[PDB]
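Report on the structure given below.
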Amino acid sequence: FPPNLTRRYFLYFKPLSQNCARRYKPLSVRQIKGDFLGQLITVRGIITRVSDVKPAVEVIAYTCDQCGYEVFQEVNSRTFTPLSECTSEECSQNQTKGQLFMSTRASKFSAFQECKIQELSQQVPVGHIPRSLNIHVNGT
Amino acid sequence: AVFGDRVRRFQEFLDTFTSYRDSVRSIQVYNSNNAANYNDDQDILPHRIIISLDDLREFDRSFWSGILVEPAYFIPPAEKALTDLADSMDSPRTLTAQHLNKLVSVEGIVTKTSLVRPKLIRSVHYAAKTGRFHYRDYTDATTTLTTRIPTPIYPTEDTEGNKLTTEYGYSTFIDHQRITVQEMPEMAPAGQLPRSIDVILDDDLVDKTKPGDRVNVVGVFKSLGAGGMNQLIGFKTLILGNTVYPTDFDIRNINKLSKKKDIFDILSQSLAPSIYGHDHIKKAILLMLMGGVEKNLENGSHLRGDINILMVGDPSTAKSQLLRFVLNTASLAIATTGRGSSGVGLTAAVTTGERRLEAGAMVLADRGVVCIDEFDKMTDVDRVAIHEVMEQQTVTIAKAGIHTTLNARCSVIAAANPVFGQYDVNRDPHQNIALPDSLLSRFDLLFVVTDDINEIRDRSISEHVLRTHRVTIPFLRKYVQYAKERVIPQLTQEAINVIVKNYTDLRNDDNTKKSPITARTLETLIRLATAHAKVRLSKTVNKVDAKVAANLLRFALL
DNA sequence: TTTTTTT
Ligand SMILES: Nc1ncnc2c1ncn2[C@@H]1O[C@H](COP(=O)(O)OP(=O)(O)OP(O)(O)=S)[C@@H](O)[C@H]1O
């Protein structure tokens, strides 16, 4: 079993305060250039049209049902593809392969929800229309 | 071999003239000092260069002709020579078929600005076992300017079986945007709907044109796509390689001219290049262009500072001929005549599956002038929204897509006729217009213009219009935007004693002749002394400005 | 999600 398959926990990063930065960030949506991908940011705004929380599939278990093994499919993308009838170590090199199917109790989920953030309408230019932006929320 | 020869030749030419070199020197020194101040107390400029068409003409007409004829061979190597130097240092109407595949200068109007999406160019990928990074790029027809083989799928497991973990931060991105520019409408042929094309911008120029401005555009006419030879009229077009195009003695003249005491009158008579009389009317247009002061209250709401005037009068007193003077003299105005349905007070959001917005007439004229013609002839539908626009300075649009709330603090001028005929003083002072009652208190000045028949006046109208058929304006708008940034005023004690007695006059005797008397009128009493102080560029508020405003109230109503 | 009707 991979250790990613057995986690039960999560890890959260932690931002630095501006006081120690003063000793040793106020951004706008317009200031969010589409070139800062992968960086660390800090925004502010208005929560608008909050969606609802629905479960997110993480890993897929696959019961052998013939040889009695368990095949595992980890999915980090939005979609994926179905796999074969069995991927056991014993179903292979044999005439009669198994037949798998997924399972619910052996799969792992995660909290997933998103919403939209509207501009402050005080930092908006005099002749523009305010934009909005999607922010994903996960876990705790 | 050809590319390096063009590179070294233009590099030699760029090394020939050091005038641009010290410019890049100032670029690098400024960005260095900007990062220096940003990294010392707390504990922007791009790389594109304006090259005049000056020296390229005095060096090689072969190379000159090559730039304006085949730019797809000389702009990339010239930029290559520039980047090498940077590293060493440290009309639409006649536009088709011919005036094609060159660099074209286009003029027109900024309209219907599209949405901002970023685009990926350089990928960074980390392999686990080798412990190394990688490299992979992708190009499209917007970026290359040359017909190269397109290399589109996001890579993983290339050579040995090493996991190509992609990385970020270091992977580069560039924004992307397309806009449409139709030519200027007055330039059009005998009578037609103007026709248009579009031009695509790049990274440092995203969101520089809003729908509704005046813009000169310099770029390169690029045609992409398989023109129907894919699988019936193709070869759709666009424009790339773009730039954006919207004194001390003069400002000393401004400071020197402003040292007078009667320029308000001089400018008052200046703004009547073809209209006889109506002296105080011109004075009121000066005060509208001044715009007044804005004083947002402590933890309350803002208070509107501009002034709005609608007219009524006999149908021959330049009612519609005063309007275009205000159109050309002010800045960023849009004239509305007759109907205004579905788009004056709203945006309507009719636009991938999404909801976008197009700024309406009241919103686009923010910090500007709204010219409204035939206010009574406006249908009764939008009349409800006009109260909201004119009083709360906001527009709330709540359609099925998304309810929103925004800001527009526009100045508005309207011009209406009496209800029937010329009976403007005959019947009763009230309801010669048949407008809602709240609009009376909403508007600031209400002019009643007669067509009084006399003879001195008759002869003067005759010689004015007759010699018409057989100090200046550009000095004025410069005087306006210069008077905007340092002449902002503040109220004094002397401003109170006059307008208090004046408001007492408004309630004790003004009601005996006409109506209404609101506190908004007292706000205009403050605003007029404010605008008079902006025109004289004073900092305080004087008693004399209020003395002027008393005559402005008498001339506007009594 | 907006343009020509009529009780
Ligand atoms: N004092 C004046 N000086 C010069 N031209 C004037 C003057 N008064 C009127 N005009 C004439 O104003 C005419 C146009 O008048 P308009 O105001 O457009 O008539 P109108 O019917 O009120 O317009 P609308 O928009 O239909 S109400 C032009 O021919 C000008 O010569």
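Each chain in the structure tokens gets a letter, A, B and so on, in the order shown; residues start at 1 in every chain, and ligands are counted from 1 in the order they appear.
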
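Contacts from chain B to chain C at a cut-off of 12 Å (only C-alpha atoms (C1' of nucleotides)) map to residues 341, 342, 343, 348, 349, 350, 351, 355, 399, 400 and 401 of chain B.
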
Kindly provide, as number ranges by chain, the residues of chain A having any atom no farther than 10 Å from an atom of chain B, counting only C-alpha atoms. A: 18-24, 30, 33-40, 48-49, 118, 121-122, 124-131

Any chance you can output those residues with N, CA and C atoms as a PDB file, in the first residue's frame?
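Saved as again-v3.pdb:
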ATOM      1  N   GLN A  18       2.599  41.045   8.832  1.00  0.00           N
ATOM      2  CA  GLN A  18       3.307  42.226   8.349  1.00  0.00           C
ATOM      3  C   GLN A  18       4.125  42.937   9.421  1.00  0.00           C
ATOM      4  N   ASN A  19       3.891  42.650  10.705  1.00  0.00           N
ATOM      5  CA  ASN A  19       4.628  43.332  11.768  1.00  0.00           C
ATOM      6  C   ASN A  19       6.086  42.894  11.779  1.00  0.00           C
ATOM      7  N   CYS A  20       6.327  41.586  11.683  1.00  0.00           N
ATOM      8  CA  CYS A  20       7.705  41.118  11.659  1.00  0.00           C
ATOM      9  C   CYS A  20       8.354  41.465  10.329  1.00  0.00           C
ATOM     10  N   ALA A  21       7.553  41.569   9.257  1.00  0.00           N
ATOM     11  CA  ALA A  21       8.095  41.989   7.971  1.00  0.00           C
ATOM     12  C   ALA A  21       8.499  43.450   8.047  1.00  0.00           C
ATOM     13  N   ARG A  22       7.784  44.213   8.874  1.00  0.00           N
ATOM     14  CA  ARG A  22       8.121  45.598   9.156  1.00  0.00           C
ATOM     15  C   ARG A  22       9.388  45.664   9.985  1.00  0.00           C
ATOM     16  N   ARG A  23       9.516  44.733  10.920  1.00  0.00           N
ATOM     17  CA  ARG A  23      10.674  44.657  11.790  1.00  0.00           C
ATOM     18  C   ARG A  23      11.867  44.036  11.080  1.00  0.00           C
ATOM     19  N   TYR A  24      11.671  42.877  10.459  1.00  0.00           N
ATOM     20  CA  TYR A  24      12.765  42.203   9.771  1.00  0.00           C
ATOM     21  C   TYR A  24      12.484  41.984   8.290  1.00  0.00           C
ATOM     22  N   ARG A  30      -7.617  43.402  -9.865  1.00  0.00           N
ATOM     23  CA  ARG A  30      -6.931  43.959 -11.021  1.00  0.00           C
ATOM     24  C   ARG A  30      -5.432  43.827 -10.843  1.00  0.00           C
ATOM     25  N   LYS A  33      -2.205  39.852 -11.450  1.00  0.00           N
ATOM     26  CA  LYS A  33      -1.776  39.630 -12.804  1.00  0.00           C
ATOM     27  C   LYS A  33      -1.855  38.137 -13.052  1.00  0.00           C
ATOM     28  N   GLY A  34      -2.114  37.749 -14.298  1.00  0.00           N
ATOM     29  CA  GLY A  34      -2.155  36.330 -14.596  1.00  0.00           C
ATOM     30  C   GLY A  34      -0.787  35.722 -14.830  1.00  0.00           C
ATOM     31  N   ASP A  35       0.244  36.283 -14.205  1.00  0.00           N
ATOM     32  CA  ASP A  35       1.600  35.804 -14.328  1.00  0.00           C
ATOM     33  C   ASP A  35       2.195  35.351 -13.009  1.00  0.00           C
ATOM     34  N   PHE A  36       1.445  35.455 -11.915  1.00  0.00           N
ATOM     35  CA  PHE A  36       1.906  35.095 -10.583  1.00  0.00           C
ATOM     36  C   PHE A  36       1.502  33.687 -10.187  1.00  0.00           C
ATOM     37  N   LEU A  37       1.337  32.799 -11.156  1.00  0.00           N
ATOM     38  CA  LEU A  37       0.896  31.439 -10.878  1.00  0.00           C
ATOM     39  C   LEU A  37       2.009  30.631 -10.218  1.00  0.00           C
ATOM     40  N   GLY A  38       1.674  30.002  -9.097  1.00  0.00           N
ATOM     41  CA  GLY A  38       2.615  29.228  -8.331  1.00  0.00           C
ATOM     42  C   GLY A  38       3.178  30.013  -7.178  1.00  0.00           C
ATOM     43  N   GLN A  39       2.971  31.319  -7.179  1.00  0.00           N
ATOM     44  CA  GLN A  39       3.432  32.176  -6.111  1.00  0.00           C
ATOM     45  C   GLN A  39       2.487  32.109  -4.917  1.00  0.00           C
ATOM     46  N   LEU A  40       2.822  32.882  -3.898  1.00  0.00           N
ATOM     47  CA  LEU A  40       2.048  32.997  -2.674  1.00  0.00           C
ATOM     48  C   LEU A  40       1.415  34.371  -2.624  1.00  0.00           C
ATOM     49  N   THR A  48     -19.258  35.995  -2.531  1.00  0.00           N
ATOM     50  CA  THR A  48     -20.486  36.145  -3.291  1.00  0.00           C
ATOM     51  C   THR A  48     -20.832  34.845  -3.989  1.00  0.00           C
ATOM     52  N   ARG A  49     -22.084  34.402  -3.821  1.00  0.00           N
ATOM     53  CA  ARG A  49     -22.609  33.161  -4.394  1.00  0.00           C
ATOM     54  C   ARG A  49     -21.767  31.974  -3.923  1.00  0.00           C
ATOM     55  N   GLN A 118     -16.099  39.117  -5.110  1.00  0.00           N
ATOM     56  CA  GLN A 118     -16.302  40.363  -5.827  1.00  0.00           C
ATOM     57  C   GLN A 118     -15.360  41.443  -5.308  1.00  0.00           C
ATOM     58  N   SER A 121     -15.086  47.571  -4.679  1.00  0.00           N
ATOM     59  CA  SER A 121     -15.842  48.705  -5.227  1.00  0.00           C
ATOM     60  C   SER A 121     -15.412  50.028  -4.612  1.00  0.00           C
ATOM     61  N   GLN A 122     -14.165  50.107  -4.184  1.00  0.00           N
ATOM     62  CA  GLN A 122     -13.670  51.345  -3.626  1.00  0.00           C
ATOM     63  C   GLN A 122     -12.341  51.517  -4.337  1.00  0.00           C
ATOM     64  N   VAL A 124     -11.966  50.224  -7.410  1.00  0.00           N
ATOM     65  CA  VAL A 124     -12.346  50.109  -8.819  1.00  0.00           C
ATOM     66  C   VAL A 124     -12.025  51.411  -9.539  1.00  0.00           C
ATOM     67  N   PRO A 125     -11.479  51.373 -10.758  1.00  0.00           N
ATOM     68  CA  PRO A 125     -11.214  52.613 -11.500  1.00  0.00           C
ATOM     69  C   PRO A 125     -12.506  53.331 -11.861  1.00  0.00           C
ATOM     70  N   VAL A 126     -12.356  54.569 -12.323  1.00  0.00           N
ATOM     71  CA  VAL A 126     -13.518  55.407 -12.584  1.00  0.00           C
ATOM     72  C   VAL A 126     -14.292  54.994 -13.828  1.00  0.00           C
ATOM     73  N   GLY A 127     -13.711  54.202 -14.721  1.00  0.00           N
ATOM     74  CA  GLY A 127     -14.489  53.830 -15.882  1.00  0.00           C
ATOM     75  C   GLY A 127     -14.459  52.360 -16.213  1.00  0.00           C
ATOM     76  N   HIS A 128     -14.337  51.531 -15.199  1.00  0.00           N
ATOM     77  CA  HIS A 128     -14.283  50.102 -15.406  1.00  0.00           C
ATOM     78  C   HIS A 128     -15.436  49.421 -14.707  1.00  0.00           C
ATOM     79  N   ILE A 129     -15.581  48.150 -15.027  1.00  0.00           N
ATOM     80  CA  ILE A 129     -16.615  47.303 -14.456  1.00  0.00           C
ATOM     81  C   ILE A 129     -15.889  46.327 -13.546  1.00  0.00           C
ATOM     82  N   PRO A 130     -16.344  46.124 -12.320  1.00  0.00           N
ATOM     83  CA  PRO A 130     -15.617  45.233 -11.416  1.00  0.00           C
ATOM     84  C   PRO A 130     -15.719  43.780 -11.831  1.00  0.00           C
ATOM     85  N   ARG A 131     -14.624  43.068 -11.657  1.00  0.00           N
ATOM     86  CA  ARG A 131     -14.573  41.670 -12.011  1.00  0.00           C
ATOM     87  C   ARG A 131     -14.795  40.840 -10.757  1.00  0.00           C
TER      88      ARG A 131
END

Using only C-alpha atoms (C1' of nucleotides) and all ligand atoms, which residues have at least one atom no more than 12 Å from ligand 1? Output them as JSON, numbers by chain. {"B": [272, 273, 274, 275, 276, 277, 278, 279, 311, 312, 313, 314, 315, 316, 317, 318, 319, 320, 321, 322, 323, 324, 336, 337, 338, 371, 372, 373, 374, 375, 376, 377, 414, 415, 416, 417, 418, 422, 449, 450, 451, 457, 458, 459, 460, 461, 462, 463, 464, 465, 466, 467, 468, 469]}

How about saving the chosen residues, N, CA and C atoms kept, as a compact mmCIF listing (two decimals), in the first residue's frame?
# COMPACT_ATOMS: atom_id res chain seq x y z
N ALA B 272 -19.27 81.86 -25.75
CA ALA B 272 -20.37 82.21 -26.64
C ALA B 272 -19.70 82.56 -27.96
N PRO B 273 -19.25 81.58 -28.73
CA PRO B 273 -18.59 81.93 -29.97
C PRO B 273 -19.61 82.31 -31.03
N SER B 274 -20.88 81.87 -30.89
CA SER B 274 -21.92 82.18 -31.87
C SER B 274 -23.29 82.47 -31.27
N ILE B 275 -23.43 82.73 -29.98
CA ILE B 275 -24.75 82.96 -29.40
C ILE B 275 -24.80 84.29 -28.70
N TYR B 276 -25.80 85.09 -29.03
CA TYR B 276 -25.94 86.39 -28.40
C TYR B 276 -26.67 86.29 -27.07
N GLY B 277 -26.18 87.03 -26.10
CA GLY B 277 -26.79 87.11 -24.80
C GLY B 277 -26.46 85.89 -23.98
N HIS B 278 -27.32 85.65 -23.00
CA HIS B 278 -27.28 84.51 -22.08
C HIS B 278 -25.94 84.43 -21.36
N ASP B 279 -25.63 85.55 -20.72
CA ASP B 279 -24.37 85.74 -20.03
C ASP B 279 -24.25 84.85 -18.80
N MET B 311 -33.10 72.42 -19.31
CA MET B 311 -33.69 73.66 -19.77
C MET B 311 -35.10 73.54 -20.30
N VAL B 312 -35.75 74.71 -20.30
CA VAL B 312 -37.09 74.93 -20.83
C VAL B 312 -37.06 76.34 -21.39
N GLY B 313 -37.76 76.56 -22.49
CA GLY B 313 -37.75 77.89 -23.07
C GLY B 313 -38.51 77.89 -24.37
N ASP B 314 -38.62 79.08 -24.95
CA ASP B 314 -39.26 79.19 -26.25
C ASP B 314 -38.42 78.41 -27.25
N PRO B 315 -39.01 77.74 -28.17
CA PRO B 315 -38.22 76.92 -29.10
C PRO B 315 -37.35 77.57 -30.14
N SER B 316 -36.52 78.53 -29.74
CA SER B 316 -35.62 79.21 -30.65
C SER B 316 -34.51 79.91 -29.89
N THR B 317 -34.06 79.36 -28.80
CA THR B 317 -33.05 80.07 -28.04
C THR B 317 -31.86 79.21 -27.76
N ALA B 318 -31.38 78.59 -28.83
CA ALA B 318 -30.24 77.69 -28.83
C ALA B 318 -30.30 76.52 -27.88
N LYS B 319 -31.50 76.22 -27.35
CA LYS B 319 -31.78 75.09 -26.46
C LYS B 319 -31.00 73.86 -26.88
N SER B 320 -31.02 73.55 -28.18
CA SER B 320 -30.22 72.45 -28.67
C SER B 320 -28.85 72.91 -29.19
N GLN B 321 -28.66 74.20 -29.41
CA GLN B 321 -27.39 74.72 -29.91
C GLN B 321 -26.43 75.10 -28.80
N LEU B 322 -26.80 74.88 -27.56
CA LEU B 322 -25.90 75.19 -26.47
C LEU B 322 -25.22 73.91 -26.10
N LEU B 323 -25.87 72.82 -26.50
CA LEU B 323 -25.48 71.49 -26.13
C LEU B 323 -24.22 71.06 -26.80
N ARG B 324 -24.11 71.25 -28.11
CA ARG B 324 -22.86 70.77 -28.69
C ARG B 324 -21.66 71.60 -28.27
N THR B 336 -27.22 62.07 -25.54
CA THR B 336 -28.40 61.21 -25.68
C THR B 336 -29.59 62.04 -26.13
N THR B 337 -30.16 61.69 -27.28
CA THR B 337 -31.28 62.41 -27.87
C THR B 337 -32.49 61.50 -27.97
N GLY B 338 -33.66 62.03 -27.62
CA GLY B 338 -34.86 61.22 -27.78
C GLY B 338 -34.93 60.08 -26.79
N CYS B 371 -25.25 64.55 -21.94
CA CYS B 371 -26.08 65.46 -22.72
C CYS B 371 -27.40 64.77 -23.06
N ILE B 372 -28.49 65.23 -22.43
CA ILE B 372 -29.81 64.67 -22.66
C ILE B 372 -30.67 65.60 -23.48
N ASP B 373 -31.16 65.11 -24.61
CA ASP B 373 -32.04 65.90 -25.44
C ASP B 373 -33.46 65.37 -25.41
N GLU B 374 -34.43 66.30 -25.38
CA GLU B 374 -35.86 66.02 -25.38
C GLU B 374 -36.27 65.15 -24.18
N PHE B 375 -36.17 65.75 -22.99
CA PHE B 375 -36.47 64.99 -21.78
C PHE B 375 -37.94 64.61 -21.65
N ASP B 376 -38.88 65.45 -22.09
CA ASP B 376 -40.28 65.05 -21.97
C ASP B 376 -40.65 63.99 -23.00
N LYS B 377 -39.94 63.97 -24.13
CA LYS B 377 -40.16 63.00 -25.19
C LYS B 377 -39.56 61.64 -24.87
N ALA B 414 -30.09 68.50 -19.50
CA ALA B 414 -31.24 68.14 -20.31
C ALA B 414 -31.87 69.38 -20.94
N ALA B 415 -32.71 69.17 -21.95
CA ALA B 415 -33.36 70.28 -22.65
C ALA B 415 -34.73 69.84 -23.12
N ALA B 416 -35.75 70.45 -22.53
CA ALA B 416 -37.14 70.18 -22.83
C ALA B 416 -37.90 71.42 -23.26
N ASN B 417 -39.04 71.17 -23.90
CA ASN B 417 -40.02 72.11 -24.40
C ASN B 417 -41.11 72.29 -23.38
N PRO B 418 -41.90 73.36 -23.46
CA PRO B 418 -43.11 73.47 -22.64
C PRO B 418 -44.13 72.44 -23.13
N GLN B 422 -46.03 78.10 -26.81
CA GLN B 422 -45.15 79.03 -26.12
C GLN B 422 -45.69 79.55 -24.79
N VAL B 449 -36.85 80.36 -20.62
CA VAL B 449 -36.40 81.28 -21.66
C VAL B 449 -37.55 81.81 -22.48
N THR B 450 -37.68 83.13 -22.54
CA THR B 450 -38.74 83.70 -23.33
C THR B 450 -38.22 84.01 -24.73
N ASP B 451 -39.10 84.55 -25.57
CA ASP B 451 -38.79 85.00 -26.92
C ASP B 451 -39.30 86.42 -27.06
N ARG B 457 -32.61 94.47 -29.60
CA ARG B 457 -32.34 93.06 -29.57
C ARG B 457 -32.49 92.47 -30.96
N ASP B 458 -33.51 92.93 -31.69
CA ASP B 458 -33.75 92.41 -33.03
C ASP B 458 -32.63 92.75 -33.98
N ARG B 459 -32.16 93.99 -33.90
CA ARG B 459 -31.06 94.36 -34.75
C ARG B 459 -29.78 93.64 -34.34
N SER B 460 -29.54 93.51 -33.04
CA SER B 460 -28.33 92.82 -32.62
C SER B 460 -28.33 91.34 -32.99
N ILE B 461 -29.51 90.72 -33.01
CA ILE B 461 -29.59 89.33 -33.45
C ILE B 461 -29.34 89.26 -34.92
N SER B 462 -29.80 90.28 -35.63
CA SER B 462 -29.60 90.31 -37.06
C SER B 462 -28.12 90.42 -37.38
N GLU B 463 -27.41 91.44 -36.87
CA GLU B 463 -26.00 91.50 -37.24
C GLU B 463 -25.17 90.38 -36.68
N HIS B 464 -25.59 89.73 -35.60
CA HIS B 464 -24.78 88.63 -35.10
C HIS B 464 -24.89 87.43 -36.03
N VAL B 465 -26.11 87.05 -36.39
CA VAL B 465 -26.26 85.89 -37.26
C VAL B 465 -25.84 86.21 -38.68
N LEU B 466 -26.00 87.46 -39.09
CA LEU B 466 -25.60 87.80 -40.44
C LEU B 466 -24.10 87.87 -40.60
N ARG B 467 -23.37 88.50 -39.67
CA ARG B 467 -21.94 88.44 -39.88
C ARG B 467 -21.42 87.07 -39.53
N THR B 468 -22.24 86.25 -38.86
CA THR B 468 -21.87 84.89 -38.55
C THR B 468 -21.72 84.13 -39.85
N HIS B 469 -22.56 84.41 -40.81
CA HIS B 469 -22.43 83.67 -42.04
C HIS B 469 -21.29 84.13 -42.90

Can you pull out every residue within 7 Å of region 99-111 of chain A, counting only C-alpha atoms (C1' of nucleotides), but drop anything in the same chain fewer than 3 positions away, and send it as a PDB file with C-alpha atoms, in the first residue's frame?
ATOM      1  CA  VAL A  53     -19.904  21.436   0.015  1.00  0.00           C
ATOM      2  CA  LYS A  54     -19.902  18.113  -1.856  1.00  0.00           C
ATOM      3  CA  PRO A  55     -17.506  15.159  -1.545  1.00  0.00           C
ATOM      4  CA  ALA A  56     -14.361  14.938  -3.641  1.00  0.00           C
ATOM      5  CA  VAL A  57     -13.106  11.504  -4.713  1.00  0.00           C
ATOM      6  CA  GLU A  58      -9.372  10.973  -4.130  1.00  0.00           C
ATOM      7  CA  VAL A  59      -8.341   7.321  -4.548  1.00  0.00           C
ATOM      8  CA  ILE A  60     -10.216   4.400  -6.028  1.00  0.00           C
ATOM      9  CA  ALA A  61     -10.128   0.926  -4.578  1.00  0.00           C
ATOM     10  CA  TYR A  62     -10.671  -2.064  -6.806  1.00  0.00           C
ATOM     11  CA  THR A  63     -11.677  -5.423  -5.403  1.00  0.00           C
ATOM     12  CA  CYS A  64     -10.190  -8.409  -7.184  1.00  0.00           C
ATOM     13  CA  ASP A  65     -13.051 -10.790  -6.205  1.00  0.00           C
ATOM     14  CA  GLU A  85     -11.135  -6.426 -15.339  1.00  0.00           C
ATOM     15  CA  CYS A  86      -8.448  -7.027 -12.691  1.00  0.00           C
ATOM     16  CA  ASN A 138     -10.903  22.305   0.947  1.00  0.00           C
ATOM     17  CA  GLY A 139     -10.815  20.411   4.225  1.00  0.00           C
TER      18      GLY A 139
END

Just the residues within 7 Å of residue 90 (chain A), please, counting only C-alpha atoms (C1' of nucleotides), with nothing from its chain fewer than 2 positions along; format it as a list in words.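 Final neighbour list, sorted by chain and number: residues 67, 88 and 92 of chain A.
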
Output file for the selection above: N, CA, C and O atoms, as a PDB file, in the first residue's frame:
ATOM      1  N   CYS A  67      -8.822 -13.440  -6.963  1.00  0.00           N
ATOM      2  CA  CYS A  67      -7.592 -13.720  -6.256  1.00  0.00           C
ATOM      3  C   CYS A  67      -7.581 -13.091  -4.871  1.00  0.00           C
ATOM      4  O   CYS A  67      -6.728 -13.438  -4.046  1.00  0.00           O
ATOM      5  N   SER A  88      -4.673  -7.987 -10.478  1.00  0.00           N
ATOM      6  CA  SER A  88      -4.106  -8.707  -9.368  1.00  0.00           C
ATOM      7  C   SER A  88      -2.777  -9.297  -9.798  1.00  0.00           C
ATOM      8  O   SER A  88      -2.452  -9.373 -10.985  1.00  0.00           O
ATOM      9  N   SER A  92      -3.283 -12.366 -13.194  1.00  0.00           N
ATOM     10  CA  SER A  92      -2.385 -12.374 -14.331  1.00  0.00           C
ATOM     11  C   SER A  92      -1.794 -13.774 -14.499  1.00  0.00           C
ATOM     12  O   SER A  92      -1.908 -14.630 -13.615  1.00  0.00           O
TER      13      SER A  92
END

Skip residue 134 (chain A) itself and residues of its chain fewer than 4 positions away, then list as a ChimeraX atom specification all residues within 10 Å of it, counting only C-alpha atoms (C1' of nucleotides). /A:47-48,114-118

For CA of residue 83 (chain A) and CA of residue 68 (chain A), the interatomic separation in Å (one decimal):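 These atoms are spaced 17.3 Å apart.
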
Can you pull out every residue from region 475-552 of chain B that DSSP, working from the backbone, puts in alpha helix (DSSP H), and format the result as a count of residues only? 54
